[PDB]
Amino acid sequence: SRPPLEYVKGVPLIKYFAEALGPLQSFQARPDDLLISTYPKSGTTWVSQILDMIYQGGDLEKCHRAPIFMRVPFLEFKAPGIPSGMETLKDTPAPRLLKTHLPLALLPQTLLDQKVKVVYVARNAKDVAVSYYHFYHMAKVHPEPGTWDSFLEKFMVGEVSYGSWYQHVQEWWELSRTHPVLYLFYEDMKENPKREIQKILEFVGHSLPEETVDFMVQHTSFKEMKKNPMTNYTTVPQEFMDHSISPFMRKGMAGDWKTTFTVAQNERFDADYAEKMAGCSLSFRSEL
């Protein structure tokens, strides 16, 4: 319970996830796999539901066949008493949708060699930090988060599960120049979901009638996903995730960080951010 992070090749990982890397070395990617890649709390569950819906031709019934974590295997996942992502993967039929938060230094090479299409979702760092803080509390495999004040400090130096948010969004952005990567922003999806869903459709090469897309926009909205047991993570063991501490589907808004960050924290964070993101062409929106 609340085991400390294990550092692997410069990356701090949840203890059990680090152990999962051994068997992951046997993983073989297929040319038709699709990898959903994100830094934690950036919209992974959201885009995963959208992608599965597209794969099921928009059939909402087919999507309820099992919870999202079973439909989209989480590659490096492992926890006591729960099957590993590698185990779930064995029973997953192609074409497969795969999930990971692994930085490139740990990503299985097979995925890059097979030229697997990647859907990457990035979210502004301030909302990510607030979302991650609460997640740390409810998802018990993480170490104690401490106070918000101390967590923010750890976040800024990358001393949190999966490491630096700054390194993560930048390296995957760079990868998009030489690998098939659709780079999305959570805020864009929030602003106009239909527009982003259309971009995903064109990327994966599928075509769906407008009526079906409108239908998808409605069923992948925050309100709908928060109530759907196949996407809100409420069916997992309480010892693993305690929704009474904080729900997985917490708020689902862009700009929520403003009610948690104090002015002093905002000034310090912005000055640090300017340095770390100096030479990057990435541009994030913190509100709207």
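Numbers for residues come from their place in the sequence shown, where the first is 1.
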* Structure fact -> Higher avg CA temperature factor (255-263 vs 237-245, as deposited) belongs to 237-245
* Asked: Would 120-128 or 69-77 have the larger average of its C-alpha temperature factors, as given in the entry?
  -> 69-77
* Of the options 161, 110, 170, 218, which has the highest CA B factor as deposited? -> 218
* According to the deposited entry, which of 60, 35, 51, 29 has the largest Cα B-factor? -> 60
* Asked: Taking the C-alpha B-factors as the PDB entry records them, is residue 280 in the lowest, middle or highest third of its chain?
  -> highest
* Asked: Would the CA B-factor of residue 180 place it in the lowest, middle or highest third of its chain?
  -> middle
* Structure fact -> Here the Cα B-factor of residue 12, set against its chain, lands in the third termed lowest
* Of the three thirds of its chain by CA temperature factor, lowest, middle or highest, which one includes residue 250? -> middle
* Name the third of the chain's ranked CA B-factors that contains residue 102, choosing lowest, middle or highest. => lowest
